[PDB]
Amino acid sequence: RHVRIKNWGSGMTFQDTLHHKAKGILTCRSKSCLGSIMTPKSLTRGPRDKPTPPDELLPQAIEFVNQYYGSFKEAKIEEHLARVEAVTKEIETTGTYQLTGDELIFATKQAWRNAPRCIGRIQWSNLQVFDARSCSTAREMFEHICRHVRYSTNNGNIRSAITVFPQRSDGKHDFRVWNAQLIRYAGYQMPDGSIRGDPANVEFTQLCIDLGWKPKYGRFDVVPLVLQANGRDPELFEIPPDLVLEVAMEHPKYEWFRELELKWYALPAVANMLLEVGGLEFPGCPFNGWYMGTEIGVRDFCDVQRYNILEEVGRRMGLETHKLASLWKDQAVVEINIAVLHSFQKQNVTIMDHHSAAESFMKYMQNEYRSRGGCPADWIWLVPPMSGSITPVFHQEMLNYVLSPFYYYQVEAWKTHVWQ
């Protein structure tokens, strides 16, 4: 069956067939689309207390292996059959199975390619994979991560990479990072009720405090790494500041911008997510790419629930911060975003403006429909927080669906973990 989608901007039409290979697990339906939910249950992959049943793990396992060998140009009929055998044997004799080196690499890149919310998916083939399935202690996790950061930071020329930790076994020996991101600022609730720092990270910082970390009560304080190994209680590890590359915010024209004294980390890295590969689950798999202007400019800086500086710069620019129809809010956001890009460019740090990002995506999307006649896409997340209609993606009709491999959200560790 073919489903027709059109890009009203260019008039270009696509025929999606890949939606069939998609598993029918969604929070929405044919009576109320749960489209607009931050974190639907369908995109979540909760914890378990019993290993994945061998009988149901097998179909998925085979399914994957086929997909893997299906990727190669010239079929390896020999190795293919050989692998399928080895796997089946392993599953019924051990209850689970291990992935080959190259299989993992393929899986990570594929899961990224299958992430409907990532706009930078044109880079899916360029990914550095760190095999840390051999890891066994919290400290080792820390060391692996530092290697990851050192690599990805690359002295400013950000590189995409992912560190894969031991797969989930029984669901009690989970290896996972509790931090939403490897690098993230602290958020403290001050005595007068006000909030200093990143408001969104208040609950998490509070946790760090409870675990022994002493608050520095500053606007840009990098939280410690909360590492959980083998399901054991987590341990804190401060990231060596030398590895934390930041960018000071300053506007090209407005010198008063420096006075706001803003900055931000260069490395966007999601740690709290789970990787699903042919039935297997990996609760610990941090991955990173590079920032997109708007993420910092619009979201991090302008969101009321975040640093919320819109009011301030509006006054600084001497705009009618009281007459909404003056569109002062808009000029402000634009200027703030220019500052962000400029600051990264001036400091030789990789950054990408939402316009270039969107155009790159359209290209990637077109390629997807040639390669596999499909491309899962969450319109709501792909259209930039500013100037939506000015980006081609805004006009592109798109289908959202879950494939495999895939990156699922997990339930915040502290909410389920049982303390020792």
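Just count from 1 along the sequence shown to find any residue number.
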For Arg29, does the count of other compared entries lacking it reach at least a third? yes
Where do the C-alpha atoms have the higher mean temperature factor in this entry, in 3-11 or in 411-419? 411-419
For the higher mean C-alpha B factor in the entry, choose 96-104 or 325-333. 96-104
Options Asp300, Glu74, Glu276, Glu246 - largest CA temperature factor per the record: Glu74
Which of these, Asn288, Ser343, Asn157, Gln110, has its C-alpha atom at the highest B-factor, as the entry lists it? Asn157
Ranking every modelled residue in this chain by its Cα temperature factor as given in the entry, which third contains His251? middle
Among the modelled residues of this chain, does the Cα B factor of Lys50 put it in the lowest, middle or highest third? highest
For the chain shown, is the CA B-factor of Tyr307 in the lowest, middle or highest third of its modelled residues? lowest
Could you place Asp378 in the lowest, middle or highest third of its chain by Cα temperature factor, using the values in the record? lowest
Quick one: classify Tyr188 as lowest, middle or highest third of the chain based on its Cα B-factor. lowest
